[PDB]
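Peer 1: I am attaching a structure below and will ask some questions about it afterwards.
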Ligand SMILES: [Ca+2]
Ligand code: NA
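In the working numbering, the protein residues as written are 14 to 1083.
Right, dumping it as structure tokens:
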């Protein structure tokens, strides 16, 4: 049926790919489903893993298609286009496709929709097989060296081949690698597995022998009576079918959706339109689609006047992009109820004029129609309606008319300006924020190329011995074929070259003549280049006769790179690097031992050293293997080496001399008597002022009463500009408008400002900040436009000397914002329709031991909305548990951020499959309950959990090496139920590690507000702990016995095959 259709998508459809890259023109390609692996591939140029697909959207609504909405280059059609949104992160990737006919689109939509659901729900062995298929096709047949490299890429350290052999090899390895696990229980019969389910797992259904039979067959899929091989039993222990999570809880229980809305935790998003940070990230319709599909129910719109009478949405007074209110409203309409039938609240932060408010209200009614909530559910009620009563409804939260009528918001100027790096002298962007008192700025925001050409090795018998060594070393160690070769400059015949190749265990040298152009071996053909000559003899033999084969790679290319030092001690490296005022300064130095190097680098004002060993044709950094030092360093110029630090500044003598234009002073190194009338006369140590710097050997400056006269530049030393140095991060406002992004603070009244008319350093619009009381202190700042330069200067200079539309108010039925009045709580004055909102800092004043009970009482009748403080420009999140435990319902989090709070959010709303409403337990909505008084629980049964971490499979990599994994186990809830514990780490294994015996015990007094959290970290070579994977569960949904913990990434998306196996017992039993 649909199966026949899916087989047809294997053939190949030609469709136009609208690339996400704003430069790549739309190209046409042949798209095929690969059912073997459950992928989509196109001409192979690209690949989508179907398990990563989140939405298959008929039509032309994507950024890729939007690039051509006006442009006639291409005309996306509603009818001939669809979008595949897929990925592991909040920001999904998109594959936007235009087909030649409506029937093709419908085919792909229909087929992929089914492959999406089938791939996600597939039995684990099928997932494993598809994983192996994908691994194999990554490398018919493969070599064993390929195999060692392939296993290293999947986090396994290995201390002809066909796929079948590979499959069996993987199978044996996973089982043998974890034999040692304490499993008190070559074939397992349907009766043995049945007893296991009943005796260890507490699976009561299993007493029905036939269900056990069907259970095993649902897992195997491949029949007489079912059984498991031992390796298959262990595979099952790790599988999702054996998950610690009771999937029953995934379904909504209508009976728990009948309390008033104030009794529910409600999945809530802060500034939903944003995809990244609060200052410059892109606003996107996709963020609304993403949040609503994650189960979010309360989303936020920041409305500002748009250009044509309709509001746009962006973060006011920042560089975040704008999107149209109309487009947002249609996105909401399309996605609000895909994941849940339950009501959506629109929190409107309205900055619009009355006229554009009026258009909003009109558009709300036109677009949403009956979906919009315009009347109260029950004018006689004494409390908010239930989620069940508001199904399929959208509520407007907006400030409402009475009848008949220090962050970047409180900021003078915000923007991106460029500062000049004092080490590499490039311009980099930084966030700048001017307040009424200060500037805050943030942290940064032909043959030569060939492998066989080794250049000049030596100048006598030197070069020949070196060439022989390199070639012998290579051939023996790698078992290289005869004809493996390299080329060098001839030591004997100037201008000529010498070829060395392997033959019968021995090296052969052949002179390559160079003449003018003609290159030729003796008595052989002539060629126009040395490249052509070698390219020729790699295809046909030279005269024995030997065809050239494998090029010997250069292992010593580092010797000429600027960061390499062949002779340099540890202390000498530290002295050089402590002179560089930026982290990321680095160098490589050879050590006294053979085959030993050290990377020395500056991080956090301190120098650190890590060793690198040469091992054959490769280098080792920890367990991370690279082809050479040059490749190692190149990798860590593009990927962090230490914490978040990349290798940035190669440090040698020249770099240190250049570490370094407004009223600059220089010190004279020697006397100079003016040789000409326009030249300056001075003595050694004279300070020359107002210097005008210029290449050519001559600068201009003032001294001895003479103004702007010339002098040799090599006669002076530049006085340091203290502004290049790093501000003292020790003492440095922790809650500036930039939050943790802060780098520097300027006391504006103590500064002067001036525009440089000439610009500077290939920037046109530049001003200089100075401080009259700190000579030589100056900061050159570039802006992107003269207009921005002008606005910045006058605002800085000035600091240094110093109605609601009824049509819209009508739509606010519930969620009516009023000022919080503590004294109305619990009185007849409290109104169930009125609500208040709390920045996270004000909220902490009510969710503490003193006021928390009073806040619970408030929240039983009325909604409160919590949102992050303004200083979280990075879009970090606050801990939501202290708010939830005082009954707060709308605890708004930045959904784009993969931090722990959002992992707790998606964990909490697992109860009900992310419908977005979780009924608060009865014990909390009781008069006695107090989140900071364990005694308020009365006679609630507590919970004791005993856990042992036995092993893991398919742990994700973190960079190039092999993870050394350890697992942290946390219970999260009230303060009195919260604690953490952790295993030891395992050495060099993420694919199938097992852990020592370490029984953990957790005790939970309030199991109704409690989460069990597993975080897998690595212990890296610097002894830092780096996140690898994660799984957080509500305690109520936990099963017992030997259970799998399926792992997720930091965005709470499922990782392929990654899981722990634990022994988990819960008391009292139930
Ligand atoms: Ca807002
Ligand atoms: Na167009």
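Beta carbons are placed, not taken as given, at the ideal position from N, Cα and C, and that holds for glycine.
Does at least one heavy atom of ligand 1 sit under 7 Å from the Cβ of residue 907?
Peer 2: Checking the Cβ of residue 907 against ligand 1 gives no.
Peer 1: Considering only the alpha carbon of each residue, which of 605, 451 and 487 lies closest to residue 579?
Peer 2: Checking every option, the nearest Cα to that of residue 579 belongs to 605.
Peer 1: Could you please go through the chain and list the residues whose beta-carbon is closer than 6 Å to any non-hydrogen atom of ligand 1?
Peer 2: Taken from the N-terminal end onward, the list reads 284, 313, 315 and 362.
Peer 1: Beta-carbon within less than 6 Å of residue 176's beta-carbon, same chain only, minus the 5 sequence neighbours each way: which residues are those?
Peer 2: Excluding residues within five positions, the ones whose Cβ falls inside 6 Å are 149.
Peer 1: Mind checking whether residue 310 and residue 356 have CB atoms under 8 Å apart?
Peer 2: Yes.
Peer 1: Any contact between the segment 376 to 385 and the segment 712 to 720? By contact I mean 3 or more CB pairs, one from each, below 8 Å.
Peer 2: Verdict: no, contact absent.
Peer 1: Considering only C-alpha positions, which residue in the set 930, 690, 649 and 738 is nearest to residue 673?
Peer 2: Among 930, 690, 649 and 738, the Cα nearest to that of residue 673 is on 738.
Peer 1: On the premise that residue 996 lies in contact with residue 962, defined as a C-beta separation below 8 Å, what is that separation, rounded to the nearest angstrom?
Peer 2: Contact holds; Cβ gap of about 5 Å.
Peer 1: Looking at residue 201 and residue 246, is the spacing between their C-beta atoms short of 8 Å?
Peer 2: In contact: residue 246 and residue 201 (Cβ atoms closer than 8 Å).
Peer 1: Could you check which residue in 587, 723 and 88 has the C-alpha nearest to that of residue 692?
Peer 2: Taking only the C-alpha atoms, the option nearest residue 692 is 723.
Peer 1: Out of curiosity, what's the CA-to-CA distance linking residue 1052 and residue 796?
Peer 2: Going by the C-alpha atoms only, they are around 59 Å apart.
Peer 1: Is it buried or exposed, residue 1086, if we count other Cβ atoms within 10 angstroms and call 16 or more buried?
Peer 2: This structure cannot settle anything about residue 1086, because the visible part of the chain is limited to 14 through 1083.
Peer 1: Between residue 380 and the rest of its own chain, which residues show a CB-CB distance below 7 Å, the 5 nearest in sequence each way excluded?
Peer 2: Taken in chain order, the residues that qualify are 342, 343 and 346.
Peer 1: Taking 8 Å as the threshold (C-beta atoms), are residue 1046 and residue 920 in contact?
Peer 2: Yes, these two residues count as a Cβ contact at 8 Å.
Peer 1: To test your reading of the DSSP string, which unbroken beta strand (DSSP E) runs of 3 or more residues are found completely within the segment 18 to 50?
Peer 2: With a minimum length of 3 residues, the continuous beta strand (DSSP E) runs that stay inside the segment 18 to 50 are 26 to 31 and 40 to 47.
Peer 1: With respect to 7 Å, is the separation between the Cβ of residue 916 and the closest non-hydrogen atom of ligand 2 below this value?
Peer 2: Result no, Cβ not under 7 Å from ligand 2.
Peer 1: Name the DSSP beta bridge partners of residue 714, please?
Peer 2: Answer is 722.
Peer 1: Along the chain, where does the beta strand (DSSP E) containing residue 362 start, and where does it finish?
Peer 2: That run of the beta strand (DSSP E) goes 357 to 363.
Peer 1: What are the partner residues of residue 443, as DSSP defines its beta bridges?
Peer 2: Answer is 430 and 457.
Peer 1: Expressed to the nearest angstrom, what Euclidean distance is found between the alpha-carbon atoms of residue 906 and residue 86?
Peer 2: Their backbone Cα atoms lie some 40 Å apart in a straight line.
Peer 1: Report all residues from its chain with a CB closer than 7 Å to the CB of residue 487; omit the five preceding and five following residues, and keep chain order.
Peer 2: Taken in chain order, the residues that qualify are 493, 497, 565 and 630.
Peer 1: CB of residue 82 to nearest heavy atom of ligand 2: below 7 Å?
Peer 2: Flag set: Cβ of residue 82 near ligand 2.
Peer 1: Does DSSP put residue 795 in a helix, in a strand, or in coil?
Peer 2: Strand, per DSSP.
Peer 1: Taking 7 Å as the cut-off, does the CB of residue 303 come closer than this to any heavy atom belonging to ligand 2?
Peer 2: The answer is no for residue 303.
Peer 1: What residue range is occupied by the uninterrupted beta strand (DSSP E) comprising residue 757?
Peer 2: Counting along the chain, the beta strand (DSSP E) containing residue 757 begins and ends at 755 to 760.
Peer 1: Classify residue 596: buried if its beta carbon has 16 or more other beta carbons within 10 angstroms, exposed otherwise.
Peer 2: It counts as buried.
Peer 1: Would you report the Cα separation of residue 828 and residue 404, rounded to the nearest angstrom?
Peer 2: Whole-angstrom Cα-Cα distance: 16 Å.
Peer 1: According to DSSP, is residue 52 helix, strand or coil?
Peer 2: Strand, per DSSP.
Peer 1: Specify whether the segment 166 to 180 and the segment 1000 to 1012 touch according to this definition: at least 3 beta carbon pairs, one from each stretch, less than 8 Å apart.
Peer 2: Flag = yes, the segment 166 to 180 and the segment 1000 to 1012 touch.
Peer 1: If you draw a straight line from the alpha carbon of residue 805 to that of residue 765, how long is it in whole angstroms?
Peer 2: Residue 805 and residue 765: Cα-Cα distance of roughly 13 Å.
Peer 1: Can you check which of these residues, 627, 424, 680 and 897, is closest to residue 1023 by C-alpha distance?
Peer 2: Nearest C-alpha to residue 1023: 897.
Peer 1: In whole angstroms, what is the alpha-carbon distance linking residue 602 and residue 642?
Peer 2: Using only the alpha carbons, I get a separation of about 11 Å.
Peer 1: Any heavy atom of ligand 2 inside 7 Å of the beta-carbon of residue 87?
Peer 2: Yes, the beta carbon of residue 87 sits closer than 7 Å to at least one heavy atom of ligand 2.
Peer 1: Just how far apart, CA to CA, sit residue 76 and residue 335?
Peer 2: For residue 76 and residue 335, the distance between alpha carbons rounds to 14 Å.
Peer 1: Bridge partners of residue 705, per DSSP?
Peer 2: For residue 705, which the question treats as bridged, DSSP gives the partners 713.
Peer 1: Specify the secondary structure class of residue 1078 as computed by DSSP and reduced to three states.
Peer 2: Here residue 1078 sits in strand by DSSP.
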